[PDB]
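Every position in the sequence shown, counted from 1, becomes a number in the deposited numbering once 42 is added. C-beta: ideal position from N, C-alpha, C; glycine also.
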Amino acid sequence: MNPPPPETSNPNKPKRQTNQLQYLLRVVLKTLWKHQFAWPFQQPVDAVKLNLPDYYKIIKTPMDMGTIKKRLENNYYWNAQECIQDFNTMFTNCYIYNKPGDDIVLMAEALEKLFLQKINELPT
Ligand SMILES: Nc1cc(-n2ccnc2)c2c(F)ccc(O)c2n1
């Protein structure tokens with residue numbers, strides 16, 4: 043079975059909106075979402091659908107852009123670093139679960155480089 047997906051809301055966690063968090067949704071995530079290699083990362087890994095029964099035996103902190111998008115829409119984050127940390131978890135999950143040079147890793151690496159370019163300059 044799949045685990046429950048990561049939370050996209052939490053009433054105990056304080057919310058915030060910042061210029062940088064608004065940018066991470068409307069520019070960074072919105073652009074990455076349209077990349078031709080974005081599709082494996084637009085929702086939590088469905089280990090049942092994708093026939094990856096070992097995925098959550100290996101990956102204990104799952105993250106994906108669908109979850110990040112909902113968190114940004116929820117104002118779930120306190121600051122941009124918290125959101126950037128989720129992107130980095132998503133990329134590292136792929137590199138942990140898979141081997142260097144695998145097709146899915148090549149996809150993640152293309153997105154990671156675009157991600158790095160986009161957050162190189164954030165609004166003030
Ligand atoms: N080895 C794989 C295979 C995946 N996949 C792709 C199509 N069908 C299975 C996959 C994935 F969607 C998302 C994240 C991953 O890390 C994946 N890793």
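Check, Outcome
"Burial state of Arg113, where buried means 16 or more other Cβ atoms lie within 10 Å", "buried"
"Distance cut-off 6 Å: residue 169 Cβ against heavy atoms of ligand 1", "The chain is shown only over 43 to 166; residue 169 falls outside these bounds and no answer can be derived."
"Within 7 Å, strictly: CB atoms of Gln62 and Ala122", "yes"
"Stretch-stretch touch, CB-based, cutoff 8 Å, three pairs: the segment 88-103 with the segment 150-163", "no"
"First and last residue of the uninterrupted alpha helix (DSSP H) at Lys160", "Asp145 to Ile161"
"Closer than 6 Å: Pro82 CB and nearest ligand 1 heavy atom", "yes"
"Residue burial classification, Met149 (beta-carbon count within 10 angstroms, cutoff 16)", "buried"
"Top-ranked residue by Cα proximity to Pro45, from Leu94, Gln78, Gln84 and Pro53", "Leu94"
"Contacts around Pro82, its chain only, beta-carbon distance under 7 Å, and the 5 residues preceding and following it disregarded", "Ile146 and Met149"
"Buried versus exposed, by CB contacts within 10 Å (16 or more), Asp128", "buried"
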